[PDB]
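K.L.:
In the working numbering, the protein residues as written are 11 to 91.
We put the CB at the ideal spot given by N, CA and C, even for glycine.
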């Protein structure tokens with residue numbers, strides 16, 4: 011249980027997070043942590059207080075701490091066309 015909670019009725023997709031590809035399938039030990047798979051890119055973002063070796067990953071309508079050592083921040087810009 012406790013897999014989400016509805017608040018208000020508003021549609022606004024305004025967020026600026028980072029994206030990285032997983033190098034190996036990780037297994038979260040606790041709730042705070044999230045499970046990661048191999049060859050999968052998720053939304054990573056740093057949160058106040060959080061650690062440097064851990065980012066905020068969002069997968070399966072869930073959020074937790076993800077090990078940067080397992081994530082490879084894909085540093086690549088778009089292709090102006």
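Got a sec? Which residues, its chain only, sit under 6 Å from residue 66 by beta carbon, not counting five neighbours each side?
P.N.:
Counting from one through the chain shown, the residue named residue 66 turns up at place 56. The residues are 55 and 57.
K.L.:
For residue 84, count neighbouring C-beta atoms within 10 Å of its own C-beta (all shown protein chains included) and say buried if the count is 16 or more, exposed if not.
P.N.:
As a first step, residue 84 must be located in the chain shown, where it is residue number 74. Burial call: exposed.
K.L.:
Rounded to a whole number of angstroms, what is the C-alpha to C-alpha distance between residue 45 and residue 12?
P.N.:
Counting from 1 along the chain shown, the entry for residue 45 is found at position 35. Counting from 1 along the chain shown, the entry for residue 12 is found at position 2. Answer to the nearest angstrom: the Cα atoms are 17 Å apart.
K.L.:
With residue 18 as the anchor, note down where its beta strand (DSSP E) starts and where it stops.
P.N.:
Locating residue 18 in the chain shown gives position 8, counting from the first residue. Here residue 18 belongs to no beta strand (DSSP E), and DSSP marks it neither H nor E.
K.L.:
Tell me which residues share the same chain as residue 42 and place their Cβ nearer than 8 Å to its Cβ, disregarding the 5 neighbours each side in the sequence.
P.N.:
As a first step, residue 42 is located in the chain shown; it is residue number 32 there, counting from the start. The residues are 74 and 75.
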